[PDB]
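Read through the structure below, which is laid out as structure tokens, and then see the notes.
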Ligand SMILES: [Cl-]
Ligand SMILES: [Cl-]
Ligand SMILES: [Mg+2]
Ligand SMILES: [Mg+2]
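Protein chains in written order, with my numbering: chain U, 7 to 241; chain S, 7 to 241; chain E, 7 to 14; chain P, 7 to 14.
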């Protein structure tokens with residue numbers, strides 16, 4: 007790895023600089039280097055890893071959606087323009103799949119197996135579900151069903167731990183439930199499951215807000231608002 | 007070149023798709039491939055080339071400014087944090103310089119020497135001035151003066167052609183004058199020259215607007231507004 | 007309109 | 007405040 011010669015602490019420091027500079031590809035490379043040092047990640051470091059790759063894959067997903075829409079229009083009275091749209095959509099798709107495979111590979115070697123505390127294990131299992139979900143967004147062939155089940159299985163394991171080990175207002179638990187509800191609505195063709203999960207999650211968090219400090223209340227209610235926004239879109 | 011096997015027309019088509027997808031690094035690679043086919047570029051193709059590289063270098067410049075500011079603060083009662091800020095600023099700087107060298111290399115081999123019409127020649131000479139100006143923004147050592155003079159010389163040649171061959175409202179001529187005024191203000195420590203050039207450019211364009219169609223009037227007045235915005239900032 | 011997922 | 011250069 008090109009980061010093998012850099013100190014762990016220097017990689018973390020540079021990841022934070024890259025974030026400030028909006029250099030998310032660099033940020034992701036630095037955080038991959040940090041993970042590959044083999045030590046477990048702290049809370050802050052897990053969040054840097056997630057921010058970096060979410061921004062990288064987010065740009066790829068946005069580009070893929072633009073190109074897929076153009077390709078779909080071309081296949082409706084539409085003039086034949088050759089293979090270029092498909093080729094370039096495939097190029098972006100392959101790069102997106104490569105990033106997802108990179109993240110999944112870090113989780114499998116060896117972040118998840120070393121994560122014993124609920125906060126870390128739930129975080130990584132949620133990430134596994136998320137990156138399989140991004141793979142499912144672009145999957146078509148004989149792999150779509152297995153990719154969807156991999157996302158579902160990771161989210162479900164994370165949900166089971168989070169319900170046993172975390173309060174209903176915990177921001178990781180809330181973000182997991184939010185993303186699993188999105189999985190149900192957008193990937194698994196299960197809008198009723200999505201709505202039910204978002205509603206129950208929101209209501210159980212509401213009933214636990216009284217236990218929180220002002221700062222924790224702000225953290226939790228920010229994510230609850232996303233659940234409510236989806237419920238407004240879905241109903 | 008990795009684009010050597012792709013048709014010129016396909017590279018152009020994919021550059022346009024990359025623009026729509028906001029994939030500017032891809033856009034620049036496609037347009038570099040198109041230039042390297044060896045044919046002159048049309049108006050539209052010159053604009054694709056400029057958009058692609060302006061967006062790439064623009065992100066690098068923004069990142070460099072963030073990192074340079076952090077580095078400058080660290081060198082004021084500031085705690086010593088090691089070499090990482092400098093190293094990462096240098097990394098971004100080197101990448102920025104590499105992009106500028108790539109653009110300058112395309113202009114030198116062989117876009118400028120084949121450009122005979124005023125519209126193309128002025129466009130490419132302006133670009134040469136712009137990318138030397140971006141190099142000057144990060145230059146410090148025994149090269150700063152020569153880089154500044156290279157930018158100045160390219161802008162001056164473009165100005166001389168544009169004044170002889172184009173009307174004062176021509177958008178290329180206006181954009182050149184705008185960027186040369188920025189060179190004077192931000193690079194060459196010549197704010198009075200910057201103000202004088204912006205004022206004269208604006209006034210000569212104003213007096214020629216009556217000759218224009220509605221659409222050309224909109225094109226020219228949009229750029230004139232940038233001249234006015236700078237004059238408001240500079241005075 | 008696409009659904010909102012977790013923010014960073 | 008930095009000066010405005012030509013837009014695309
Ligand atoms: Cl392609
Ligand atoms: Cl570095
Ligand atoms: Mg607990
Ligand atoms: Mg003329």
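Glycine included, C-beta positions come from ideal geometry on N, C-alpha and C.
Where residue i falls, given that 16 or more other Cβ within 10 Å makes a residue buried
i              : result
residue 26(U)  : exposed
residue 190(S) : buried
residue 62(U)  : buried
residue 10(U)  : exposed
residue 160(S) : buried
residue 87(S)  : exposed
residue 127(S) : buried
residue 120(U) : exposed
residue 238(S) : exposed
residue 14(P)  : exposed
residue 9(P)   : buried
residue 146(S) : exposed
residue 8(S)   : exposed
residue 207(S) : buried
residue 152(S) : exposed
residue 170(S) : exposed
residue 228(U) : exposed
residue 149(U) : exposed
residue 155(S) : exposed
Listed by chain order, chain U residues near residue i by CB distance under 7 Å
i             : result
residue 72(S) : 26 and 27
Residue i versus the options, residue with shortest Cα-Cα distance
i              : options                           : result
residue 231(U) : 169(U), 211(U) and 115(U)         : 211(U)
residue 94(S)  : 67(U), 57(U), 198(U) and 16(U)    : 16(U)
residue 18(S)  : 29(S), 205(S), 192(S) and 55(S)   : 55(S)
residue 163(S) : 131(S), 179(S) and 142(S)         : 131(S)
residue 134(U) : 234(U), 203(U), 107(U) and 144(U) : 107(U)
residue 52(S)  : 129(S), 71(S) and 79(S)           : 129(S)
residue 117(U) : 237(U), 43(U) and 8(U)            : 43(U)
residue 113(U) : 206(U), 41(U) and 124(U)          : 41(U)
residue 158(S) : 235(S), 102(S) and 195(S)         : 195(S)
residue 39(U)  : 234(U), 80(U) and 109(U)          : 109(U)
residue 101(S) : 172(S), 59(S) and 89(S)           : 59(S)
residue 45(U)  : 71(U), 155(U) and 115(U)          : 115(U)
residue 233(U) : 215(U), 182(U), 169(U) and 217(U) : 182(U)
residue 71(S)  : 216(S), 197(S), 144(S) and 32(S)  : 144(S)
residue 14(S)  : 30(S), 35(S) and 31(S)            : 35(S)
residue 240(S) : 199(S), 155(S), 173(S) and 122(S) : 199(S)
residue 184(S) : 137(S), 209(S), 236(S) and 166(S) : 236(S)
residue 32(U)  : 37(S), 137(S) and 97(S)           : 97(S)
residue 217(U) : 173(U), 111(U) and 179(U)         : 173(U)
residue 177(U) : 223(U), 167(U), 166(U) and 137(U) : 223(U)
residue 57(U)  : 12(U), 37(U), 66(U) and 79(U)     : 37(U)
residue 89(U)  : 85(S), 165(S), 12(S) and 47(S)    : 12(S)
Listed by chain order, chain E residues near residue i by CB distance under 8 Å
i              : result
residue 255(U) : Examination of residue 255(U) is not possible in this model, given that chain U is present from 7 through 241 alone.
residue 135(U) : Result: empty, since nearest Cβ-Cβ is about 11 Å, beyond 8 Å.
residue 60(U)  : 14
residue 188(U) : 9, 10 and 11
Cross-chain neighbours of residue i in chain U, by beta carbon under 9 Å
i             : result
residue 23(S) : 72, 73, 76, 90, 91, 94 and 95
Within chain S, partners of residue i - CB distance below 9 Å
i             : result
residue 19(U) : 87, 88, 90, 91 and 94
residue 40(U) : Under the 9 Å cutoff, chain S gives no residues; its nearest Cβ is about 13 Å from residue 40(U).
residue 16(U) : 88, 89, 90 and 93
Under 8 Å from the C-beta of residue i: neighbouring residues of chain P
i             : result
residue 56(S) : 14
residue 65(S) : None at all; the shortest Cβ gap to chain P is about 13 Å.
Assumed close pair residue i, residue j - CB separation to whole angstroms, cut-off 8 Å
i              : j              : result
residue 91(U)  : residue 82(U)  : Contact flag wrong, Cβ pair sits at about 13 Å.
residue 226(S) : residue 204(S) : With 8 Å as the limit, residue 226(S) and residue 204(S) do not qualify as a contact, their Cβ atoms being about 15 Å apart.
residue 193(U) : residue 139(U) : 6 Å
residue 28(U)  : residue 69(S)  : 7 Å
residue 221(U) : residue 175(U) : Their Cβ separation, rounded to whole angstroms, is 12 Å, which puts residue 221(U) and residue 175(U) out of contact at 8 Å.
residue 141(U) : residue 103(U) : 6 Å
Contact list for residue i against chain P, beta-carbon separation under 7 Å
i              : result
residue 191(S) : 9
Contact with chain C by residue i, beta-carbon distance below 7 Å
i             : result
residue 69(S) : Here the protein chains are U, S, E and P, and chain C is not one of them.
Interface partners of residue i on chain E, CB under 9 Å
i              : result
residue 185(U) : 11 and 12
residue 215(U) : Within 9 Å Cβ-Cβ: nothing; residue 215(U) doesn't reach chain E, min ~19 Å.
Contacts that residue i makes with chain E (C-beta to C-beta distance below 7 Å)
i              : result
residue 79(U)  : Near residue 79(U) there are no residues of chain E at all, since even the closest Cβ is about 18 Å away, more than 7 Å.
residue 239(U) : 7 and 9
Proximal chain P residues relative to residue i, where beta-carbon distance stays under 9 Å
i              : result
residue 181(S) : 11, 12 and 13
residue 229(S) : 12 and 13
heavy atom of ligand 6 below 6 Å from residue i C-beta
i              : result
residue 159(S) : Annotation note on ligand 6: not contained in the displayed structure, which lists ligand 1, ligand 2, ligand 3 and ligand 4 as its ligands.
For ligand 2, residues whose Cβ lies under 6 Å from any non-hydrogen atom: 20(U), 93(S), 94(S) and 97(S)
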